[PDB]
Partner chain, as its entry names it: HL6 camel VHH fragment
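First, one chain by itself: the form solved without its partner chain, in structure tokens.
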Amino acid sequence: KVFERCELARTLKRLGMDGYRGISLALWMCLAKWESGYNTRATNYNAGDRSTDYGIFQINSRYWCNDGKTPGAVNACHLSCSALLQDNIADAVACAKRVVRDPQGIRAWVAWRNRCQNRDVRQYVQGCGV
């Protein structure tokens, strides 16, 4: 499913993402936009290390979810990577939260550092009723 901006904002707020571990909604919105353009079926194969980024938050298979074909991978959110390609994002969200519980937090995503860190992200949730 490819989400509309404000539609995604309320969906994330409902799932308890607003301020989760100090992370505001705008930042989470910024992450999803840049990670997948709000597309839950977004996929990215990384031939260099043979892992895959799945879904709306582009969660890597080598550490967070199991797809069975990634060499020497782990499954930290204890989920099939397939759960991250669902139109319903409750499972992606449970995993996105697991990720930020680690020390780096939301910085675990390098693209977040590139396009969201120390940026004006108000625009992402302006007009969304959140």
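Positions refer to the first chain, counted from 1.
Trainee: Between 83-91 and 66-74, name whichever shows the higher mean Cα B factor according to the PDB entry.
Mentor: Higher of the two, by average CA B-factor, is 66-74.
Trainee: On average, which has the higher Cα B-factor in the deposited entry, 43-51 or 94-102?
Mentor: The entry gives the higher C-alpha B-factor average to 43-51.
Trainee: Ranked by Cα temperature factor within the chain, is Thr11 in the lowest third, the middle third or the highest third?
Mentor: Lowest third, going by the recorded CA B-factors of the chain.
Trainee: Test of reading the entry: by CA B factor among the chain's modelled residues, which third contains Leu25?
Mentor: Its C-alpha B-factor, which the entry lists for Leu25, ranks in the lowest third among residues of this chain.
The form deposited with its partner chain bound is left out here; the points below concern that form.
Trainee: Of 77-109, which residues get within 4.5 Å of its partner chain in the bound PDB entry if you count heavy atoms?
Mentor: The stretch 77-109, when checked against its partner chain in the bound PDB entry, contributes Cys77, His78, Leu79, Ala90, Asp91, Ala94, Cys95, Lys97, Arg98, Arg101 at the 4.5 Å heavy-atom cut-off.
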